[PDB]
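Colleague: This one is my_file_2.tsv, TSV, C-alpha atoms and all ligand atoms.
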chain	number	residue	atom	x	y	z
S	428	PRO	CA	-5.93	15.34	15.00
S	429	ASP	CA	-6.01	14.74	11.21
S	430	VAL	CA	-5.45	11.42	9.36
S	431	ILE	CA	-1.95	11.52	7.74
S	432	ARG	CA	-1.79	10.24	4.12
S	433	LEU	CA	1.67	9.02	3.05
S	434	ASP	CA	2.76	9.34	-0.62
S	435	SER	CA	1.50	6.53	-2.95
S	436	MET	CA	3.96	3.70	-3.69
S	437	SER	CA	3.78	2.12	-7.17
S	438	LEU	CA	5.93	-0.98	-6.34
S	439	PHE	CA	4.32	-3.74	-8.46
S	440	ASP	CA	4.53	-5.42	-11.90
S	441	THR	CA	1.40	-6.85	-13.62
S	442	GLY	CA	-0.37	-9.63	-11.60
S	443	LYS	CA	2.46	-9.58	-8.99
S	444	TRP	CA	2.16	-8.71	-5.25
S	445	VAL	CA	5.91	-9.12	-4.44
S	446	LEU	CA	7.77	-5.81	-3.91
S	447	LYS	CA	9.48	-5.27	-7.34
S	448	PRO	CA	13.22	-4.46	-7.56
S	449	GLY	CA	14.11	-0.84	-6.58
S	450	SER	CA	11.27	-0.46	-4.01
S	451	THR	CA	13.55	0.00	-0.93
S	452	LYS	CA	13.91	3.84	-0.98
S	453	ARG	CA	10.08	4.39	-1.21
S	454	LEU	CA	9.47	1.76	1.52
S	455	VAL	CA	12.08	3.26	3.90
S	456	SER	CA	10.46	6.71	3.28
S	457	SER	CA	7.01	5.42	4.42
S	458	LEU	CA	8.68	3.58	7.35
S	459	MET	CA	10.25	6.81	8.63
S	460	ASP	CA	6.85	8.53	8.42
S	461	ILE	CA	5.36	5.55	10.41
S	462	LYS	CA	8.18	5.72	13.03
S	463	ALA	CA	7.40	9.43	13.66
S	464	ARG	CA	3.83	8.52	14.76
S	465	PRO	CA	4.08	5.58	17.23
S	466	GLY	CA	0.71	3.98	18.10
S	467	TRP	CA	-1.31	5.36	15.14
S	468	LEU	CA	-3.37	2.80	13.15
S	469	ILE	CA	-1.49	2.14	9.84
S	470	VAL	CA	-4.20	1.62	7.21
S	471	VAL	CA	-2.48	-0.11	4.24
S	472	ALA	CA	-4.64	0.01	1.06
S	473	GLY	CA	-3.74	-1.94	-2.09
S	474	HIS	CA	-4.79	-1.03	-5.65
S	475	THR	CA	-4.58	-2.51	-9.18
S	476	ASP	CA	-4.73	-1.27	-12.79
S	477	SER	CA	-7.99	-2.13	-14.64
S	478	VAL	CA	-6.35	-5.11	-16.53
S	479	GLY	CA	-7.82	-8.55	-15.66
S	480	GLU	CA	-11.02	-9.40	-13.69
S	481	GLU	CA	-12.54	-7.16	-10.93
S	482	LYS	CA	-12.80	-10.00	-8.34
S	483	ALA	CA	-9.22	-11.12	-9.20
S	484	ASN	CA	-8.00	-7.49	-8.82
S	485	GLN	CA	-9.72	-7.28	-5.39
S	486	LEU	CA	-7.67	-10.25	-4.06
S	487	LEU	CA	-4.49	-8.92	-5.79
S	488	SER	CA	-4.99	-5.43	-4.23
S	489	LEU	CA	-5.23	-7.07	-0.78
S	490	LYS	CA	-2.10	-9.24	-1.34
S	491	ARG	CA	-0.20	-6.02	-2.25
S	492	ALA	CA	-1.28	-4.35	1.02
S	493	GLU	CA	-0.16	-7.54	2.85
S	494	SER	CA	3.31	-7.47	1.12
S	495	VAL	CA	3.86	-3.84	2.34
S	496	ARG	CA	2.48	-4.67	5.83
S	497	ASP	CA	4.87	-7.69	5.98
S	498	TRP	CA	7.86	-5.52	4.95
S	499	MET	CA	7.06	-2.82	7.52
S	500	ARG	CA	6.61	-5.42	10.28
S	501	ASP	CA	9.54	-7.76	9.46
S	502	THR	CA	12.08	-5.30	7.91
S	503	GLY	CA	10.78	-2.15	9.74
S	504	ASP	CA	10.21	-3.85	13.15
S	505	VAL	CA	6.72	-2.21	13.35
S	506	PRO	CA	4.43	-4.22	15.74
S	507	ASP	CA	1.91	-6.45	13.86
S	508	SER	CA	-1.13	-4.96	15.68
S	509	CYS	CA	-0.40	-1.48	14.19
S	510	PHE	CA	-1.72	-2.50	10.73
S	511	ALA	CA	-5.15	-2.77	9.07
S	512	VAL	CA	-5.05	-3.99	5.43
S	513	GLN	CA	-7.60	-2.89	2.80
S	514	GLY	CA	-8.10	-3.62	-0.91
S	515	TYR	CA	-9.71	-1.25	-3.45
S	516	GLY	CA	-9.06	-3.50	-6.47
S	517	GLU	CA	-9.23	-1.44	-9.71
S	518	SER	CA	-11.88	0.95	-8.28
S	519	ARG	CA	-9.64	4.04	-7.55
S	520	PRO	CA	-6.96	4.76	-10.19
S	521	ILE	CA	-4.54	7.75	-9.70
S	522	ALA	CA	-3.46	7.58	-13.38
S	523	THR	CA	-4.95	6.67	-16.78
S	524	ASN	CA	-5.19	2.92	-17.53
S	525	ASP	CA	-4.77	3.92	-21.25
S	526	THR	CA	-0.91	3.77	-21.08
S	527	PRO	CA	1.69	1.37	-19.59
S	528	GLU	CA	3.15	4.19	-17.39
S	529	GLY	CA	-0.40	5.01	-16.19
S	530	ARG	CA	-1.22	1.35	-15.39
S	531	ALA	CA	2.15	0.98	-13.58
S	532	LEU	CA	1.23	3.98	-11.35
S	533	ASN	CA	-2.16	2.35	-10.52
S	534	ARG	CA	-0.45	-0.89	-9.29
S	535	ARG	CA	0.28	0.57	-5.86
S	536	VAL	CA	-0.24	0.77	-2.08
S	537	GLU	CA	-1.46	3.88	-0.14
S	538	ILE	CA	-0.85	4.27	3.65
S	539	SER	CA	-3.02	6.43	5.95
S	540	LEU	CA	-2.11	6.98	9.66
S	541	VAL	CA	-5.27	7.18	11.85
S	542	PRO	CA	-4.87	8.56	15.40
S	543	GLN	CA	-8.46	7.90	16.70
S	544	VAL	CA	-7.93	4.07	16.67
S	545	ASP	CA	-5.51	2.55	19.25
S	546	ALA	CA	-3.27	0.02	17.46
S	547	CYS	CA	0.11	-0.07	19.28
O	1	CL	CL	3.76	-12.30	-6.95
If you took the structure in this file and wrote it as structure tokens, what would it be?
Modeller:
Amino acid sequence: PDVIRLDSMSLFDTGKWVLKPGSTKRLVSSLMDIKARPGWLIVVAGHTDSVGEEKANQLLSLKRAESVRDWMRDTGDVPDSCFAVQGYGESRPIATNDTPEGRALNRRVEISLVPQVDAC
């Protein structure tokens, strides 16, 4: 009974929490992974690049997790109680913040499926 980590999804432009154009294939991919594990808690964690202010990035990271939760629930018909949203702000980069490509990779959402918590 291991937690399942889905692939990271870098779906956001600077200071934005809306799902940028061309995000549908990566979203559908996570959705399918969610549909294969009915009832697992869907932990949706948002992240930011290190540009801007730490407190501002915390709120932004959480709004990004909420945008993905909202898509999965409204477009993916996943019950609302399945989700738990989390924000890491700029604290856990996956790429350098020294380049635009690196910062774009850090603007992202990570999904973990947790079986020990009942959620749906
Ligand atoms: Cl926005």
Colleague: When you look at range 485-496 of chain S with a cut-off of 7 Å (counting all atoms listed in the file), what residues show up, excluding the ones that are within fewer than 6 positions of it in the same chain? I need them as a PyMOL selection string.
Modeller: chain S and resi 444-446+471-475+510+512-516+536
Colleague: Which residues come within 12 Å of residue 544 in chain S, counting all atoms listed in the file, excluding same-chain residues fewer than 4 positions away, as a list in words?
Modeller: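 The neighbour list is residues 428, 430, 466, 467, 468, 469, 470, 508, 509, 510, 511 and 540 of chain S.
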Colleague: For a cutoff of 9 Å around the file-coordinate point (0.7, 8.7, -0.9), which residues qualify once you count all atoms listed in the file? I'd like the result as a PyMOL selection string.
Modeller: chain S and resi 432-436+457+536-539
Colleague: Using all atoms listed in the file, which of the listed residues (S:429, S:476, S:440, S:525) sits closest to ligand CL 1 (chain O)?
Modeller: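 Going through S:429, S:476, S:440, S:525 one by one, the smallest distance to ligand CL 1 (chain O) is for S:440.
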Colleague: Calculate how many Å separate CA of residue 465 in chain S from CA of residue 451 in chain S, rounding to one decimal.
Modeller: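 Spanning CA of residue 465 in chain S to CA of residue 451 in chain S is a straight-line distance of 21.2 Å.
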Colleague: Could you work out how far CA of residue 441 in chain S lies from CA of residue 484 in chain S, giving the answer in Å with one decimal?
Modeller: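 Taking CA of residue 484 in chain S and CA of residue 441 in chain S, their separation equals 10.6 Å.
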Colleague: Excluding residue 503 in chain S and residues on its chain fewer than 6 positions from it, collect all residues at most 9 Å away from it, counting all atoms listed in the file, and give them as number ranges by chain.
Modeller: S: 455, 458, 462, 497
Colleague: Write the residues of the preceding selection, restricted to C-alpha atoms, as a tab-separated table (two decimals), in the frame of the given file.
Modeller:
chain	number	residue	atom	x	y	z
S	455	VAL	CA	12.08	3.26	3.90
S	458	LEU	CA	8.68	3.58	7.35
S	462	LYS	CA	8.18	5.72	13.03
S	497	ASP	CA	4.87	-7.69	5.98
Colleague: Please, what is the axis-aligned box for every listed atom of range 514-524 of chain S with 5 Å on each side, as centre and edge lengths in Å to one decimal, as lines of an AutoDock Vina configuration file?
Modeller:
center_x = -7.7
center_y = 2.1
center_z = -9.2
size_x = 18.4
size_y = 21.4
size_z = 26.6
Colleague: Could you tell me how far CA of residue 438 in chain S lies from CA of residue 534 in chain S, in Å and to one decimal?
Modeller: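 According to the coordinates, CA of residue 438 in chain S and CA of residue 534 in chain S are separated by 7.0 Å.
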Colleague: Which is closer to ligand CL 1 (chain O) than all the others in S:535, S:452, S:447, S:519, using only C-alpha atoms and all ligand atoms?
Modeller: S:447
Colleague: Please determine, counting all atoms listed in the file, which residue among S:437, S:504, S:527, S:443 has the shortest atom-to-atom distance to ligand CL 1 (chain O).
Modeller: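 Closest to ligand CL 1 (chain O) of all the choices is S:443.
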Colleague: Between S:505, S:531, S:478, S:483, which residue has the minimum interatomic distance to residue 461 in chain S, considering all atoms listed in the file?
Modeller: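 Closest residue, counting all atoms listed in the file: S:505.
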Colleague: Could range 490-515 of chain S be completed with N, CA and C atoms and written as a PDB file, keeping the file's coordinate frame, please?
Modeller:
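The file below, result.pdb, is the result:
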ATOM      1  N   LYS S 490      -3.430  -8.589  -1.503  1.00  0.00           N
ATOM      2  CA  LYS S 490      -2.100  -9.240  -1.340  1.00  0.00           C
ATOM      3  C   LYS S 490      -0.998  -8.172  -1.386  1.00  0.00           C
ATOM      4  N   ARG S 491      -1.218  -7.093  -2.135  1.00  0.00           N
ATOM      5  CA  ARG S 491      -0.200  -6.020  -2.250  1.00  0.00           C
ATOM      6  C   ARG S 491      -0.111  -5.287  -0.909  1.00  0.00           C
ATOM      7  N   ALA S 492      -1.263  -5.023  -0.299  1.00  0.00           N
ATOM      8  CA  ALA S 492      -1.280  -4.350   1.020  1.00  0.00           C
ATOM      9  C   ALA S 492      -0.590  -5.275   2.026  1.00  0.00           C
ATOM     10  N   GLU S 493      -0.807  -6.583   1.910  1.00  0.00           N
ATOM     11  CA  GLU S 493      -0.160  -7.540   2.850  1.00  0.00           C
ATOM     12  C   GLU S 493       1.365  -7.569   2.638  1.00  0.00           C
ATOM     13  N   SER S 494       1.842  -7.474   1.391  1.00  0.00           N
ATOM     14  CA  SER S 494       3.310  -7.470   1.120  1.00  0.00           C
ATOM     15  C   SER S 494       3.964  -6.263   1.814  1.00  0.00           C
ATOM     16  N   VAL S 495       3.345  -5.085   1.697  1.00  0.00           N
ATOM     17  CA  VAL S 495       3.860  -3.840   2.340  1.00  0.00           C
ATOM     18  C   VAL S 495       3.746  -3.977   3.855  1.00  0.00           C
ATOM     19  N   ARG S 496       2.611  -4.464   4.362  1.00  0.00           N
ATOM     20  CA  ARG S 496       2.480  -4.670   5.830  1.00  0.00           C
ATOM     21  C   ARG S 496       3.631  -5.572   6.290  1.00  0.00           C
ATOM     22  N   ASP S 497       3.820  -6.701   5.608  1.00  0.00           N
ATOM     23  CA  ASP S 497       4.870  -7.690   5.980  1.00  0.00           C
ATOM     24  C   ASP S 497       6.253  -7.034   5.981  1.00  0.00           C
ATOM     25  N   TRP S 498       6.532  -6.178   4.995  1.00  0.00           N
ATOM     26  CA  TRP S 498       7.860  -5.520   4.950  1.00  0.00           C
ATOM     27  C   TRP S 498       8.018  -4.596   6.163  1.00  0.00           C
ATOM     28  N   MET S 499       7.000  -3.771   6.417  1.00  0.00           N
ATOM     29  CA  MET S 499       7.060  -2.820   7.520  1.00  0.00           C
ATOM     30  C   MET S 499       7.226  -3.541   8.850  1.00  0.00           C
ATOM     31  N   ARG S 500       6.560  -4.677   8.996  1.00  0.00           N
ATOM     32  CA  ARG S 500       6.610  -5.420  10.280  1.00  0.00           C
ATOM     33  C   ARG S 500       7.941  -6.158  10.415  1.00  0.00           C
ATOM     34  N   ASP S 501       8.337  -6.882   9.384  1.00  0.00           N
ATOM     35  CA  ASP S 501       9.540  -7.760   9.460  1.00  0.00           C
ATOM     36  C   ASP S 501      10.831  -6.966   9.223  1.00  0.00           C
ATOM     37  N   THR S 502      10.861  -6.107   8.207  1.00  0.00           N
ATOM     38  CA  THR S 502      12.080  -5.300   7.910  1.00  0.00           C
ATOM     39  C   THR S 502      12.074  -4.001   8.728  1.00  0.00           C
ATOM     40  N   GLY S 503      10.889  -3.439   9.017  1.00  0.00           N
ATOM     41  CA  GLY S 503      10.780  -2.150   9.740  1.00  0.00           C
ATOM     42  C   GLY S 503      10.471  -2.297  11.227  1.00  0.00           C
ATOM     43  N   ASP S 504      10.448  -3.573  11.708  1.00  0.00           N
ATOM     44  CA  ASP S 504      10.210  -3.850  13.150  1.00  0.00           C
ATOM     45  C   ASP S 504       9.005  -3.073  13.698  1.00  0.00           C
ATOM     46  N   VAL S 505       7.972  -2.871  12.878  1.00  0.00           N
ATOM     47  CA  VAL S 505       6.720  -2.210  13.350  1.00  0.00           C
ATOM     48  C   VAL S 505       5.827  -3.315  13.932  1.00  0.00           C
ATOM     49  N   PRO S 506       5.275  -3.172  15.164  1.00  0.00           N
ATOM     50  CA  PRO S 506       4.430  -4.220  15.740  1.00  0.00           C
ATOM     51  C   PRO S 506       3.276  -4.621  14.805  1.00  0.00           C
ATOM     52  N   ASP S 507       2.956  -5.912  14.773  1.00  0.00           N
ATOM     53  CA  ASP S 507       1.910  -6.450  13.860  1.00  0.00           C
ATOM     54  C   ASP S 507       0.541  -5.802  14.123  1.00  0.00           C
ATOM     55  N   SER S 508       0.224  -5.508  15.382  1.00  0.00           N
ATOM     56  CA  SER S 508      -1.130  -4.960  15.680  1.00  0.00           C
ATOM     57  C   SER S 508      -1.314  -3.542  15.138  1.00  0.00           C
ATOM     58  N   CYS S 509      -0.248  -2.881  14.681  1.00  0.00           N
ATOM     59  CA  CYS S 509      -0.400  -1.480  14.190  1.00  0.00           C
ATOM     60  C   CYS S 509      -1.161  -1.418  12.858  1.00  0.00           C
ATOM     61  N   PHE S 510      -1.195  -2.527  12.118  1.00  0.00           N
ATOM     62  CA  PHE S 510      -1.720  -2.500  10.730  1.00  0.00           C
ATOM     63  C   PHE S 510      -3.166  -2.971  10.567  1.00  0.00           C
ATOM     64  N   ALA S 511      -3.810  -2.374   9.557  1.00  0.00           N
ATOM     65  CA  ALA S 511      -5.150  -2.770   9.070  1.00  0.00           C
ATOM     66  C   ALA S 511      -5.033  -2.782   7.547  1.00  0.00           C
ATOM     67  N   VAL S 512      -5.252  -3.940   6.911  1.00  0.00           N
ATOM     68  CA  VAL S 512      -5.050  -3.990   5.430  1.00  0.00           C
ATOM     69  C   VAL S 512      -6.398  -3.940   4.719  1.00  0.00           C
ATOM     70  N   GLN S 513      -6.405  -3.210   3.606  1.00  0.00           N
ATOM     71  CA  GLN S 513      -7.600  -2.890   2.800  1.00  0.00           C
ATOM     72  C   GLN S 513      -7.296  -3.095   1.326  1.00  0.00           C
ATOM     73  N   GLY S 514      -8.298  -3.485   0.546  1.00  0.00           N
ATOM     74  CA  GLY S 514      -8.100  -3.620  -0.910  1.00  0.00           C
ATOM     75  C   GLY S 514      -9.164  -2.827  -1.637  1.00  0.00           C
ATOM     76  N   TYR S 515      -8.760  -2.011  -2.601  1.00  0.00           N
ATOM     77  CA  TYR S 515      -9.710  -1.250  -3.450  1.00  0.00           C
ATOM     78  C   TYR S 515      -9.808  -1.884  -4.839  1.00  0.00           C
TER      79      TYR S 515
END
